[PDB]
């Protein structure tokens, strides 16, 4: 199938033009040229347009592929950045939480020691309070310490 080759076309054109041939034989050469050309032209116009619509569909999908590739690459850079940021914050959170647990324990241990001294000072205040009317000079020295502020009772560094 397909169109005649240039050589079969010329042999048929030569048979058509050969006066030595029977005029039926030359009519046959003519019908072949006719039917070949009618099909050739139609299949040529089909190939012509159907190739032009491969070309623009290709040029279209190719250009859409150009941007999608840039877009995906940019996403991969963000995932790498985001994983480094997540890990950095995770590491900071775990370590800072350990520091919280430590300080929480410190606050407990200081409170127990603070409360111990406080109760001793409060008991002595209550004892001195019971004897205020005696105006004992030693009790009054103790009372001056008991009610001294942190500016009237400096603690060294």
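Residue numbers count along the first chain shown, from 1.
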Practice prompt. Determine, for stretches 121-129 and 57-65, which one has the higher mean CA B-factor as deposited.
Written response: 57-65
Worksheet item: Out of 41-49 and 92-100, which stretch has the higher average CA B-factor listed in the record?
Response: 41-49
Item to complete: Just grab whichever of 138, 22, 12, 148 has the top CA B-factor as deposited.
Response: 22
Item to complete: Taking the values exactly as deposited, rank residue 70 by C-alpha B-factor within its chain and report the matching third: lowest, middle or highest.
Response: highest
Worksheet item: Should residue 142 be placed in the lowest, middle or highest third of its chain by the C-alpha B factor in the entry?
Response: lowest
